[PDB]
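Below sits a lone chain in structure tokens, taken as the form deposited in one PDB entry.
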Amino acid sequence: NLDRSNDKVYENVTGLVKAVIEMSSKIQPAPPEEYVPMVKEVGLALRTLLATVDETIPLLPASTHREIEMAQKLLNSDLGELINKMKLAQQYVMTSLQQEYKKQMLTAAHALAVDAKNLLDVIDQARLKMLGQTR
């Protein structure tokens, strides 16, 4: 119901989600020299999203602000948890425990994606309350 043609928030949340998805789908058959740069991708995507959000806050109801900020905070946290796991799977490279730590990357990542999506919903709301939509 909201025109997206010039909605970066959306556009960026979409990138972040894709980054995750493509990483989580290429993860199992892959080596560290392949999944680290993938994770870096997620980061860059997350970073870009966050900046965009920052500039958007100044144009949304002071009310919402707090939540959006909290939501932002989570996203960062998530990425970290991901990076930690990535380091782990990186350590136990060719071993009996690699394919197991990778599954933890998967979980971390998926969380990131879910929260990224919620950030969108929170902001989508601000946008609607601001544009003055009915009940």
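In this text, the rigid core denotes the largest set of C-alpha atoms whose superposition between the two forms falls within 1.5 Å. Shifts are known only where both forms have a C-alpha. Residue numbers here begin at 1 and follow the sequence given.
Would you tell me which stretch averages the higher CA B-factor in the PDB entry, 71-79 or 43-51?
Comparing 71-79 with 43-51, the higher average CA B-factor belongs to 71-79.
Entry-level comparison of average CA B-factors, 84-92 and 61-69, reporting the higher stretch
If you average the C-alpha B-factors of 84-92 and of 61-69, the larger mean comes out for 61-69.
Which third, lowest, middle or highest, does the CA B-factor of residue 107 fall in along this chain?
CA B-factor rank for residue 107: lowest third.
Relative C-alpha B-factor of residue 97, binned into the chain's lowest, middle or highest third:
As the PDB entry reports it, the C-alpha B-factor of residue 97 lands in the highest third of its chain.
Once the chain's modelled residues are ordered by C-alpha B factor and cut into thirds, is residue 36 in the lowest, middle or highest one?
Residue 36: CA B-factor falls in the middle third of its chain.
As for the form deposited with a partner chain bound, it is not shown, yet the points below apply to it.
Using only residues present in both forms, find each stretch of at least 3 consecutive residues where all Cα shifts reach 2 Å or more between this form and the one not shown, with the core as the superposition reference, and list them in order along the sequence.
Three-plus residue run displaced between this form and the one not shown: 1-28, uniquely.
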